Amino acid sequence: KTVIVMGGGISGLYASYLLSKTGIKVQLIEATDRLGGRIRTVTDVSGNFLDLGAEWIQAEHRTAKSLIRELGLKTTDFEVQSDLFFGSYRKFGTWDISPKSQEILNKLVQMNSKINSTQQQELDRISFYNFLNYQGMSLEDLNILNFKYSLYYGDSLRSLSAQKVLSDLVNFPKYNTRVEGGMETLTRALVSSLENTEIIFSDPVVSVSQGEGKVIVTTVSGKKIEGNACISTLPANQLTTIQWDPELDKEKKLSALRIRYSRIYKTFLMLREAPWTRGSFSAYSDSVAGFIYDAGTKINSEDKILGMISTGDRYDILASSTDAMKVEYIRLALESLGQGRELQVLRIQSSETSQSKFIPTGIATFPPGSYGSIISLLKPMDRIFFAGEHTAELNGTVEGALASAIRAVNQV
């Protein structure tokens, strides 16, 4: 019994793992020359692990925690105590919106939990930003929320469905747990454990047909792969440019076209000494260096690791920037915090920007009017099942990518 898995990111890898354990022959088809998709770890010469893709899970992410245990891996706690530079340096723990502004937000979150699907479709016509401004939240408070949500969405609240953001705020992601050896230890552990899996590299899927009890997937090279079932883990843009016979369901196609992938750019600097003056260092800014942090994984490392996460148009600013420019953006952020000292940079690692046709720059974001898109993207098409972070309950997370694989494999 052969099952085709399309895409070798963590959802594809976890699907392949679960299938292979039940004695199914898996045909895993990957567009690029590497497995792991939006997960990528660089081992620095210091022994520190640099997560250029997904770096954190939440302590309560059950799928991830269960798989990490199953595979004999280990997690480390990552303390989140973030300063903010906005107008002035604001110490960690001191810059949230006012308790009364939070009460308005809690009321709207509970309202979205209580209303029916028709009411939710109506609320989804409006951006979270415009909806909160209409409900009397200040521009100042909305800017604070934009920092607080930035490491998840990677884009402005002006871009996002009010309904989706209020839905997400029931159980908002926290980035407080790392995998020992970096997040690519998890992807590699899955790869090391596949049995009876043929992997095709550097050969994107261009067409999918189903009929006569078979799924046939054709790649760019002209290779035809047949199976009893297929699990798509492909990003939304690829669902629309692959040729399907028969055609994707009308709502699934529209839903793939509504998805807007956010733009999350990561830079690590390897430094001679600590540029921060406190433990558990992290800080937000509106500058090109949006979020900087002590990223070190090797607790007794001489070299120090400064991580930078920049979202939105900052991705394109950084993709255009030289290494000296990235160092300066980071030094200016440290200077506004009262540091400024010329950083002693030994090495640099940044995001790869050349294969975004296959590997999204960020996570699926849900603009106004996209209500229902996850349900439509998840819906099976006979023996073609759909997974990926954009199909999950906890969408846009490693947890969600993994949970999506279980949901698809359980249908066969």
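Just count from 1 along the sequence shown to find any residue number.
According to the PDB record, 315-323 carries the higher mean C-alpha B-factor of the two stretches 315-323 and 165-173. When the two stretches 124-132 and 137-145 are set side by side, the higher mean Cα temperature factor goes to 137-145.
Residues shown: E184, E79, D155, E195. Highest C-alpha temperature factor in the entry: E195.
Among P204, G296, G227, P235, the highest C-alpha B-factor recorded in the PDB entry belongs to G227.
Among all modelled residues in this chain, the alpha-carbon of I24 has a temperature factor (C-alpha) in the highest third. For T353, the recorded CA B-factor ranks within the highest third of the chain. Only modelled residues enter the ranking. Sort the chain's modelled residues by C-alpha temperature factor and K379 lands in the highest third, per the entry. The deposited CA B-factor of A364 belongs to the lowest third of values across its chain. Compared with the other modelled residues of the chain, the Cα B-factor recorded for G290 ranks in the middle third.
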